[PDB]
There are 2 protein chains.
Amino acid sequence: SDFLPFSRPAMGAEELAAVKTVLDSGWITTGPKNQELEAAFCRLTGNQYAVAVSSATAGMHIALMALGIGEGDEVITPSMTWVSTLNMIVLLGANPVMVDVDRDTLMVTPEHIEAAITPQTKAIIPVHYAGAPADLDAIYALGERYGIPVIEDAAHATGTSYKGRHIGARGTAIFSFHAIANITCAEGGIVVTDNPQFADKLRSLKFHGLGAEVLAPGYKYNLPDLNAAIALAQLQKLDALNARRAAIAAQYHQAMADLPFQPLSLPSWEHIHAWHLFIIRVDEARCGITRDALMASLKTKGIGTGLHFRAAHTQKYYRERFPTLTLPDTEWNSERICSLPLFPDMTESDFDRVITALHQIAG
Amino acid sequence: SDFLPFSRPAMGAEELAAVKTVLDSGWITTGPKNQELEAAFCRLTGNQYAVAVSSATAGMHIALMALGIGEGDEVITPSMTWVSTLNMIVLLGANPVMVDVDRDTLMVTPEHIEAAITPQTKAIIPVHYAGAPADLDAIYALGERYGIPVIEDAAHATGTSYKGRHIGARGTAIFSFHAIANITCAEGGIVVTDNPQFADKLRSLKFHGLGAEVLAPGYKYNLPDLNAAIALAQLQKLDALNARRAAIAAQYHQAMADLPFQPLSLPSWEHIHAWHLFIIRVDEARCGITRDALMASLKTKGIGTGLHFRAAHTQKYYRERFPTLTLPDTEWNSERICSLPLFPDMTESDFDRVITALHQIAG
Ligand SMILES: Cc1ncc(COP(=O)(O)O)c(CN[C@H]2CO[C@H](OP(=O)(O)OP(=O)(O)OC[C@H]3O[C@@H](n4ccc(=O)[nH]c4=O)[C@H](O)[C@@H]3O)[C@H](O)[C@H]2O)c1O
Ligand SMILES: Cc1ncc(COP(=O)(O)O)c(CN[C@H]2CO[C@H](OP(=O)(O)OP(=O)(O)OC[C@H]3O[C@@H](n4ccc(=O)[nH]c4=O)[C@H](O)[C@@H]3O)[C@H](O)[C@H]2O)c1O
């Protein structure tokens, strides 16, 4: 059979149609479809303002930039995340303060966050990992208590809910429209916020810092209507798309009961899982093989897998900048985690092909 | 009749088809179509390496970043240009050194460049204005003599030639795939260079600074294959598309002989005009009306126009940062220039509608 990648975008007739209307219109860059997408995300989350951007990385950049973060400022973040967050902190001239995460949910804890707080802390950046939400009640309380803004990394959390409310409903959250995200337009993102002054700054910084004329220099991070229209078509399918992911995640849960591999633990609080990823831990002790070996073997069997992620602080630049930094739970998982196939268009043929491969390598 | 904008993208069946193959493929982000586009631009220009990016602004950012430009460093650039170049210089922490341009070609002169050179100069950034090339022989000589890298702003110059050779054939040039550019994919750009070490740095800085792992923090500026495929379809039509622009520019030249308005002067050297814009000067003295009045009147007649550009140093942030800065030729034109309709799909009905409007407001 053909290669089974660990993810595929759910592109259909709606996506192609959306593009066609934009191309035929002549207005292919930022315009009406961007306004519609922003208005739509406000309706999805329950928030008041939304700013569409070229990527969630870009969203993180202008979000932190809008806060005036720079020299001498600290930003608390997990090491277990995508390198984008760490890079934007550094490139702004600020100091990344990496903290550890829960050993089984891979989510940053209020404990580890609070212990790292200093008068130089200008932001706390939690990650709604794999689609599951973090402990926002506790983390928000830390923010209001110490007076530190909270910028939520919701790159995995489109459709995620935390204690009855959508992620992005309150505060500030940054979603991703990357190829493998729940909804996609190849590359894109959106910042949702409740602060009108903050939103105006984002809107400015994403487009040359114009109002027109330059008021304060900004970057070019605007999302074309070409892509926005695709993200809109996807957003209409969101509940359906996530339902498929959820259904498949359930089937994984069953098969894993008779497998040595350890899926992530669900958060203890009320939530709705967007199921962007299905991560398993591969401990050589109880599995008989290393995670690297498993990924190489699955590949031989024509099955793709992901690595989300190898901790940022174990990568070259951050190894050399923070030699002393130790994060045991982060490091433990980082050496053992990998992402199994999970995408809306995945079939039972595809699913059973994975489990058959997993039993074959185990034993 | 309907509104006649001053530009429209030439979207056809090829563009829609290109998108469809990408969507159907499942690989919608950076991939094969990006490689093809880079290889194609190398074939167009005659250069050896090309790096596709999310925008020409983004290209300018990583280009200057790759040079190590930062605190204390100066960058010579015209004020008569798009605010993007000035913003990227500043946001890097470097100092923009704005210099004047030729009164009739709006191109930066070797004279003004050389006079502003100092041991802090780390880059010279000429602009191939409106599609016409700058005096590269002189400017390159300045670069090699003083040991200053030259980064060419070719946002208007896709298809432009200078003394028998394509723009981008040598050194470093940054092209734009913006909506109104000669070729477009809504938003996009590409850096073409002859330096292999330099190109590797760009390739890294446009994608998180990865090789993988982070070697040195970078931004997210990668172009999706979705858009790259559109840029490829356009690139195949380039000569045809520019021929239409050129043909229309010829018709403007005729009508302007019997009009008080002053088109830009052509460069004195051998060249091929890409004709991205057709700019005219509107001097209240010999025209009877101001440029602002003309644009407002043409709009009433359902005819759109452009302003490329109001000098960067007359915009708020740069007014306050450089109060003493005076650039007479830049300022003179900046108050009098505007861009008339010019796009491949423009008809004779559209053209004659402009000239009829121009004679009506003159007299
Ligand atoms: C010298 C130089 N250096 C760097 C850059 C930046 O490159 P980059 O942009 O790739 O990063 C540029 C690019 N600048 C261009 C891009 O940004 C600006 O363009 P813009 O914001 O759009 O607005 P306009 O000029 O006035 O054109 C808009 C019109 O156009 C019509 N229109 C507009 C959009 C659309 O989708 N369809 C359409 O018909 C439509 O008719 C619309 O009215 C500049 O004016 C343009 O000149 C540059 O000229
Ligand atoms: C917590 C957090 N914060 C911020 C961000 C950044 O957001 P932003 O990206 O919007 O700026 C992210 C996003 N990170 C994602 C984007 O970048 C990385 O993705 P990636 O570079 O692609 O590679 P992979 O993960 O391994 O997936 C690739 C696979 O996927 C398959 N594939 C790939 C492309 C495609 O077009 N089609 C396809 O089937 C195809 O099967 C391919 O093999 C991360 O791993 C992804 O997790 C994040 O997770």
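Within every chain, numbering begins at 1; the chains are lettered A, B, ... in the order of the sequence lines, protein sequences first and strands thereafter. Both counts, for ligands and for their atoms, begin at 1 and track the order of listing.
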Verdict with supporting geometry, A/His308 and A/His276, side-chain contact (heavy atoms from CB on, under 4.5 Å):
CA-CA 11 Å; A/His308 303 95; A/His276 176 241; 5.9 Å; no
Distance under 4.0 Å to a non-hydrogen atom of [X]: what atoms of ligand 2 satisfy this?
{"X": "A/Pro9", "value": "37 (N), 38 (C), 39 (O)"}
{"X": "A/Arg8", "value": "39 (O)"}
{"X": "A/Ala179", "value": "34 (C), 35 (C), 36 (O)"}
{"X": "A/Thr81", "value": "1 (C)"}

With heavy-atom distances below 4.5 Å as the criterion, would you say the side chains of [X] and [Y] are in contact?
{"X": "B/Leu264", "Y": "B/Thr105", "result": "no"}
{"X": "B/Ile230", "Y": "A/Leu226", "result": "yes"}
{"X": "B/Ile180", "Y": "B/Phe6", "result": "yes"}

For [atom], what's the nearest protein heavy-atom neighbour? Residue, atom name and distance, please.
{"atom": "atom 20 (P) of ligand 2", "value": "A/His178 NE2, 3.9 Å"}
{"atom": "atom 21 (O) of ligand 2", "value": "B/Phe207 CZ, 4.0 Å"}
{"atom": "atom 3 (N) of ligand 1", "value": "B/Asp153 OD2, 2.9 Å"}
{"atom": "atom 30 (O) of ligand 2", "value": "A/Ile180 CG2, 3.1 Å"}
{"atom": "atom 29 (C) of ligand 2", "value": "A/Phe6 CE2, 3.4 Å"}
{"atom": "atom 41 (O) of ligand 2", "value": "A/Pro5 CB, 3.3 Å"}
{"atom": "atom 8 (P) of ligand 2", "value": "A/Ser176 OG, 3.5 Å"}
{"atom": "atom 49 (O) of ligand 1", "value": "B/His156 NE2, 2.4 Å"}
{"atom": "atom 7 (O) of ligand 2", "value": "A/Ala56 CB, 3.3 Å"}

Supply the atom-to-atom distance B/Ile174 CD1 to B/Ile62 CD1, rounded to the nearest 0.5 angstrom.
7.5 Å
Between OG of B/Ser25 and NZ of B/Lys33, what distance do you get to the nearest 0.5 Å?
7.0 Å
Does B/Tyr129 form a side-chain contact (heavy atoms from CB on, under 4.5 Å) with B/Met80? I'd like the steps, not just the answer.
CA-CA 9 Å; B/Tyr129 216 86; B/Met80 181 53 62; 3.2 Å; yes
side-chain contact (heavy atoms from CB on, under 4.5 Å) between B/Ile303 and B/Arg353: does it pass, once the steps are laid out?
CA-CA 8 Å; B/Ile303 304 171; B/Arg353 179 183 177 185; 4.1 Å; yes
Under the side-chain hydrogen bond (donor to acceptor under 3.5 Å, both in side chains) definition, can you give me all pairs with a residue in residues 51-62 of chain A, not counting sequence neighbours?
A/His61-A/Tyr221
Please verify whether a non-hydrogen atom of [X] lies at under 4.0 Å from ligand 2.
{"X": "A/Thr85", "value": "no"}
{"X": "A/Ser84", "value": "yes"}
{"X": "A/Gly188", "value": "yes"}
{"X": "A/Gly304", "value": "no"}

Look at the rings of B/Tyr219 and A/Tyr219 and say which category their plane angle falls in: under 30° parallel, 30 to 60° tilted, over 60° perpendicular.
tilted
Between [X] and ligand 1, which residue portion shows a heavy-atom distance shorter than 4.0 Å: side chain, backbone, both, or neither?
{"X": "B/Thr57", "value": "both"}
{"X": "A/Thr29", "value": "both"}
{"X": "B/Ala155", "value": "side chain"}
{"X": "B/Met60", "value": "neither"}

Does ligand 1 have any atom that is closer than 4.0 Å to a heavy atom of B/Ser7?
yes
Measuring from non-hydrogen atoms of B/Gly306 to any atom of ligand 1, is the shortest distance under 4.0 Å?
no
Using a 4.0 Å heavy-atom threshold (strictly under), name the region of B/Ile28 that reaches ligand 2: side chain, backbone, both or neither.
both
Distance filter under 4.0 Å to A/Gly26 heavy atoms, resulting ligand 1 atoms
35 (C), 36 (O), 37 (N), 38 (C), 39 (O)
Could you verify whether a donor N or O on one side chain and an acceptor N or O on the other, from B/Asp350 and B/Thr347, lie under 3.5 Å apart?
yes
Verify, without hydrogens or angle tests, whether B/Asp225 (side chain) and B/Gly31 (backbone) share a donor-acceptor contact under 3.5 angstrom.
yes
Does the B/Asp345 side chain pair with the main chain of B/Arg8, one donor and one acceptor, at a distance under 3.5 Å?
no
Side-chain polar contacts of residues 152-159 of chain B - donor-acceptor pairs under 3.5 angstrom, sequence neighbours left out - could you list them?
residue	atom	partner	partner atom	Å
B/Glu152	OE1	B/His128	NE2	2.9
B/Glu152	OE2	B/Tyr140	OH	2.3
B/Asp153	OD1	B/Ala155	N	3.2
B/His156	ND1	B/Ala130	N	3.3

Return yes when atom NZ of A/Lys301 has more than 12 non-hydrogen atoms of other residues, nucleotides or ligands closer than 6.0 Å, and no otherwise.
yes
Given [options], which one has a non-hydrogen atom that is nearest to [atom]?
{"atom": "atom 25 (O) of ligand 1", "options": "A/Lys220, B/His308, B/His128", "answer": "B/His308"}
{"atom": "atom 44 (C) of ligand 2", "options": "A/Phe3, A/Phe177, A/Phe309, B/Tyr219", "answer": "A/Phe309"}
{"atom": "atom 17 (O) of ligand 1", "options": "A/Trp27, B/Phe175, B/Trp82", "answer": "B/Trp82"}

Could you go through B/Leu342 and B/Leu277, starting from their C-alpha distance and side-chain angles, then the distance that decides it, and tell me whether this counts as side-chain contact (heavy atoms from CB on, under 4.5 Å)?
CA-CA 6 Å; B/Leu342 180 64; B/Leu277 299 163; 5.5 Å; no
